[PDB]
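Asks: What follows is a single structure, and I will ask about it in a moment.
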Amino acid sequence: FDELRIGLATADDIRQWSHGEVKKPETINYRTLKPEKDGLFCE
Amino acid sequence: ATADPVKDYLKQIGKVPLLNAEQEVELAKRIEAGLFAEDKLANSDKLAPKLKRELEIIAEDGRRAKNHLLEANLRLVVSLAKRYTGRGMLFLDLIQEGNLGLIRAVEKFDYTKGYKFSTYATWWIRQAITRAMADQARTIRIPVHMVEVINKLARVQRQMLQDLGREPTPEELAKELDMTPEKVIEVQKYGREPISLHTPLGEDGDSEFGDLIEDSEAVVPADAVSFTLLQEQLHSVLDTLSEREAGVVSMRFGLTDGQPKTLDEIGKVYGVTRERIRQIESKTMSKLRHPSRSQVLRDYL
Amino acid sequence: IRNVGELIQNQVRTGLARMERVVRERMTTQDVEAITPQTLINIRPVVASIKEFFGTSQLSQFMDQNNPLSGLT
Amino acid sequence: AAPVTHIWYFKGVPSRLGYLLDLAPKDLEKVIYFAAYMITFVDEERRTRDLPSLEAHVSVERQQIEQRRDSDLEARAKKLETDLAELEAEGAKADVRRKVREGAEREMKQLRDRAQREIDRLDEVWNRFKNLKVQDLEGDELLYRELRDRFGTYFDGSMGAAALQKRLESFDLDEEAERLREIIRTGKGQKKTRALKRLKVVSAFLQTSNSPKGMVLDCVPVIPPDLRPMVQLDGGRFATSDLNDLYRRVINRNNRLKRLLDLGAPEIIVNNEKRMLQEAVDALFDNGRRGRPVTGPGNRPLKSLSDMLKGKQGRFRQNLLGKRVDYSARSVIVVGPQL
Amino acid sequence: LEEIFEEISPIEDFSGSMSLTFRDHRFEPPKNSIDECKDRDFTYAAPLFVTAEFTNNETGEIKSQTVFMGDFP
RNA sequence: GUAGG
Ligand SMILES: [Mg+2]
């Protein structure tokens, strides 16, 4: 801990942070109560 | 560009020419004319360049007529979206979805039917709106057949409330829907909505209701350190036993590695036979089960 | 001062306003000779409104029962 | 699929907006949210090169317009005289010729009215063509379509955050800094004060290595799932942070825009869709920074990322300078003298 | 209650052909005792009925029917 | 919400 540089985050930076991407509004299955695929809470 | 963008959308609709029977039937004639034009253009056979450009112009005019019908009937979708508003999806979003349904109906309409476009369209518009309401309204995504099951049982239960003037007993609901009470309770519990954490609970200082409830993933330091002391005492007690005995029991119960080894599985690295290792494992069971190396471990359970 | 009766009446009035808009919509989308007073009205807004006033409303408060005096007060 | 601009830098004080493009806040408000057009780039050198040719074409157009107008006037006069003569010869009633002549001259006046309206249309479109420049707003969409139709391949125009992104990509901030320094060296009044504020922001961009194009974000990050928990609740109920709903909204609207762009759709619907996407993104970063917020359940507004980091209940003043602590207690205090 | 019912005029469509009159409202004894309501977690309410009269000029007929709006706290 | 500080 020496300095907290802050600034504009370019699109390349956001892609770099991302380990993947999201494609659906799905959150969980109503029955299995488990995360869906390629959506929010996507494991 | 104003607040409440729906008002801006209605202004964007503006004043556009409503179509009388002759107008839209002629427009649809031009639509199918452009359709045939683009069909001819798409054919790999060589067409004269001027004829191809003429066909492209006819197709473009057809596209313009499509747009005219779209804009004229934008007013129709806005009314239909109002017909379904107030059910967890935003009004202009419903209007957009109804516009998609209109695009579908328009793409699937002609004057071959002896009726107005609007009567035919109302079906597609309601189709698209109900589909989106079933697929995107709830926080938890409910399948379409489940959506119709829940709303059917809900409306018929409301009808029972209006008729009997009393809360229908669950068996009555089950026979009405014809399914078992088990399905009734299943779908009923599946037919709820979440409560948001960021809600005022009591005073403003209490603030979000999120604070009140504890989690489960948190490692309780008490239990963790209890497990650590159990680990240390257990390792010491094993060390009390002979080296080979402790090793074989540890492999039988994975005290060094998360997966315990089966008896034969221990009889490869050590070079012992599966029954030899079984025998000495039993003797370790005998040696540990004495009252000697049991007082300490009894309190750890 | 809005005594209890006027408050409950105001909420019942809101509920009946919801009922009016609902039944008007139904009549706009209902055929003649198949309309009955039993069928056309939906009782949901009234029951929901009066319920929404007695739960989750500041003026509807938990009755303190420390003593008779705190009661009356 | 369709770029958007980030709410914070705009729709605020002029220090953060910085006047980075010399356009009033009304200009940006009416462009980003779909409503008025922009002239991103013009080949003004190309337009200036071919002025005599286009001027000659316009002159010939006016010449033929006047020729056909004179022909129409001649036809009008012949029609009027013919109907007058034939009805007065007929003599069906006392004064048929006067009535038909009145109708004919009314028709002539109406034809003159359309003549002058089309002349005005030509004049205004031509002078607007002569009024070309970058960063030019065109509120009237019909007028902009006329501009595209009458002349293309010379001016480039656009709508929404895409136009702004193109502008910033093409922007030359160094020349703006130079000319603003010149203005400050010799300037008076309010214009000078505005220039001073602008110099600050352009110099801040120039000294920083980062490009200004960050104004137009393209890929929206997402909060890690744990930080927005859909934690199970006893009783079959569920607990969700509003950020889940905001993300659902934005991803849904992006999906629908993809669906439209895939098929051939009109310009109105796609533009409305992009406006909707911009609205969703802005609500995500800031719910309530513009007009009514996304009330969600309707009882109260929906929380937003920026809303979380601010104020008494925000992150900073409630969970970094004051934290609950283990190993503590509380109780009434009474007086004991012998201590 | 009768006042709020009365101020609600009978609903009139664009044709003004039909009307619903809410003349008389009435109550019934509550089903649950106060002690029973407190013990068993029930909102102490009673039935509230109203006589709705359907009248259409086109039909030229009056159809009276009692309807139940809901349990009233 | 409402009491104490
Ligand atoms: Mg004190």
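Asks: Under 8 Å for C-alpha pairs, at least 6 residues apart: give me the relative contact order for chain D, rounded to a whole percent.
Replies: RCO, chain D: 24 percent.
Asks: Based on DSSP H runs of at least 4 residues, each adding -39500 (n - 2.57), what is the mean residue ellipticity at 222 nm of chain D after dividing by all its residues, to the nearest 500 deg cm²/dmol?
Replies: -18500 deg cm²/dmol
Asks: Oh, and also: Taking Cα atoms of segment B:1-118, Rg/Rh with Kirkwood Rh, to two decimals?
Replies: Rounded to two decimals, Rg over Rh is 1.08.
Asks: What shape does segment D:111-257 have by the C-alpha gyration tensor, where a ≥ b ≥ c are the square roots of the eigenvalues, rounded means a/c under 1.5, and otherwise prolate means a/b greater than b/c and oblate the rest?
Replies: It comes out oblate by the Cα gyration axes.
Asks: With an 8 Å cut-off on Cα pairs and a minimum separation of 6 or more residues, tell me the relative contact order of chain A in percent.
Replies: 27
Asks: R0 = 25 Å: FRET efficiency of D:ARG292 with B:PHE209, Cβ-based, nearest 0.05?
Replies: 0.55
Asks: For chain C, just list the percent of Cα-Cα distances falling in each 10 Å bin from zero outward, please.
Replies: P(r) over chain C, rounded to whole percents: 17, 34, 24, 15, 7, 4, 0.
Asks: Please give the net charge around D:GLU29, taking every other residue with its beta carbon less than 11 angstrom from that of D:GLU29, where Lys and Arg add +1 and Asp and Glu add -1.
Replies: +3
Asks: Which percent of Cα pairs goes in each bin when the distances of chain D are cut into 20 angstrom slices starting at zero?
Replies: Cα pair-distance distribution for chain D, in percent: 19, 37, 24, 14, 4, 1, 0.
Asks: Next question, about the same structure. Residues of segment B:123-148 with the amide nitrogen closer than 20 Å to a label point 7 Å from the Cα of B:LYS108, along Cα-to-Cβ, please.
Replies: Answer for segment B:123-148: B:123-136, B:144-145, B:148.
Asks: Positive end of the charge dipole of chain E (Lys, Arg +1 and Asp, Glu -1 on Cβ, about the Cα centre): tell me which of E:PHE22, E:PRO47, E:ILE8 has its Cα farthest that way.
Replies: E:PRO47
Asks: What does the charge count around D:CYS219 come to, taking other residues whose C-beta lies under 10 Å from its C-beta (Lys +1, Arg +1, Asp -1, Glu -1)?
Replies: Result for the neighbourhood of D:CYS219: -3.
Asks: I've got another one for you. Determine by what factor the alpha-carbon radius of gyration of segment D:1-110 differs from 2.2 N^0.38 Å, reporting the quotient.
Replies: Against the compact-globule rule of thumb, the ratio is 2.22.
Asks: How big, on average over all directions, is the shadow cast by the Cα convex hull of chain A, in nm²?
Replies: Dividing the Cα hull surface by four gives the mean projection, 4.9 nm².
Asks: When the expected Rg is taken as 2.2 N^0.38 Å, what fraction or multiple of it is the alpha-carbon Rg of segment D:183-261?
Replies: Normalised by 2.2 N^0.38 Å, the Cα Rg of segment D:183-261 equals 1.98.
Asks: So, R0 is 60 Å and r is the distance between the beta-carbons of D:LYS200 and B:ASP239; what FRET efficiency does that work out to, to 0.05?
Replies: 0.25
Asks: Out of D:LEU227, D:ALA177, D:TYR247, whose Cα points farthest toward the positive end of the dipole of segment D:112-266 (charges: +1 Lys, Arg; -1 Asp, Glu; placed on Cβ)?
Replies: In segment D:112-266, that residue is D:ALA177.
Asks: Another question, if that's okay. Take peptide B:62-71, look around each residue's Cβ out to 10 angstrom, count Cβ atoms belonging to other protein chains, and average those counts.
Replies: Counting other chains' Cβ atoms within 10 Å and averaging over B:62-71 gives 2.
Asks: Quick check: pseudo-label points 7 Å beyond the Cα along Cα→Cβ at B:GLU60 and E:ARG26, how many nm apart are they?
Replies: Distance between the two pseudo-spin positions: 7.6 nm.
Asks: Which parts of segment C:5-39 would a label at B:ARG83 reach, counting a residue when its backbone N lies under 11 Å from a point 7 Å out along Cα-to-Cβ?
Replies: C:29-30
Asks: Right, here's the next one. Work from the charge dipole of segment B:179-248 (Cβ charges, +1 for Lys and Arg, -1 for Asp and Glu, about the Cα centre) and give the residue of B:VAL220, B:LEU201, B:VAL187 farthest towards its positive end.
Replies: B:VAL187
Asks: Based on a Kirkwood Rh over C-alpha pairs, give the Stokes-Einstein translational diffusion coefficient of segment B:1-46 at 20 °C and viscosity 1.002 mPa s in µm²/s.
Replies: Result for D is 153 µm²/s.
Asks: Taking H as built 1.01 Å from N, whose amide H comes closer than 5 Å to the amide H of E:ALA46, not counting residues under 5 places away?
Replies: Counting only residues 5 or more places away or on other chains, the set is E:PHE72.
Asks: Next up: Using the number of other C-beta atoms within 10 angstrom as an exposure proxy, rank E:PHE22, E:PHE27, D:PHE171 with the fewest first.
Replies: Ascending Cβ contact count within 10 Å gives the list E:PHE27, D:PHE171, E:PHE22.
Asks: Next question. So what is the relative contact order of segment B:178-290, in percent, for Cα pairs below 8 Å that sit 6 or more residues apart?
Replies: So the answer I get is 12 percent.
Asks: If a/c stays under 1.5 just call it rounded; otherwise compare a/b with b/c (prolate if a/b is bigger, oblate if not). Do that for segment D:181-339, with a ≥ b ≥ c from the square roots of the Cα gyration tensor eigenvalues.
Replies: Since a/c reaches 1.5 but b/c is at least a/b, the shape of segment D:181-339 is classed as oblate.
Asks: If you take each beta carbon of peptide A:18-31 and count the beta carbons of other chains within 10 angstrom, what is the mean?
Replies: Average per residue, whole number: 5.
Asks: Please identify every one of the trypsin sites (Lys or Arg not before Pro) in segment B:1-80 that sits in a loop by DSSP and has no more than 14 other beta carbons within 10 Å of its own beta carbon.
Replies: Answer by residue number: B:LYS15, B:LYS46.
Asks: Equivalent ellipsoid semi-axes for the protein assembly as shown, as square roots of 5 times the alpha carbon gyration tensor eigenvalues: give them largest first, rounded to whole Å.
Replies: Listed largest to smallest, the semi-axes of the protein assembly as shown are 65, 46, 32 Å.
Asks: Let me ask something else. So what are the three principal axis dimensions of chain B from its Cα atoms, in whole Å, longest to shortest?
Replies: 103, 69, 48
Asks: Do the sum for chain B: with -39,500 (n - 2.57) for every DSSP H run of n ≥ 4, divided by all residues, what is the mean residue ellipticity at 222 nm, to the nearest 500 deg cm²/dmol?
Replies: Here the helix-only value at 222 nm equals -20500 deg cm²/dmol.
Asks: With θ set to phi - 60° and the Karplus curve 6.51 cos²θ - 1.76 cosθ + 1.60, what are the ³J(HN,Hα) couplings of segment D:102-114 in order, to the nearest whole Hz, using x for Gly and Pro?
Replies: 4, x, 5, 5, 4, 4, 4, 4, 5, 5, 4, 4, 5
Asks: I need the peptides D:224-231, A:1-8 ranked by packing, meaning the mean over residues of other C-beta atoms within 10 angstrom, with the highest value on top.
Replies: Order by mean packing, descending: D:224-231, A:1-8.
Asks: Right, next: Can you list residues whose amide H is under 5 Å from E:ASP13's amide H, if they're 5+ apart or on another chain and H is modeled 1.01 Å from N?
Replies: E:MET18
Asks: Shifting gears a bit: To the nearest Å, what is the center-to-center distance of segment B:11-89 and segment D:281-339, using C-alpha atoms only?
Replies: Distance between centres, Cα-based: 54 Å.
Asks: Evaluate the charge dipole of segment D:1-93 about its Cα centre and quote only its size in Debye, nearest 20, assuming +1 on the Cβ of each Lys and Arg and -1 on the Cβ of each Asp and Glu.
Replies: 720
Asks: Testing the spin-label approximation: label points 7 Å from Cα along Cα→Cβ at E:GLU53 and D:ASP156. State their distance in nm.
Replies: Modelled inter-label distance: 7.6 nm.
Positions of Cβ are backbone-derived with ideal geometry, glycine not excepted, and every protein chain shown enters the neighbour counts. Since every read-out is calculated from the coordinates, none of them should be taken as a lab result.
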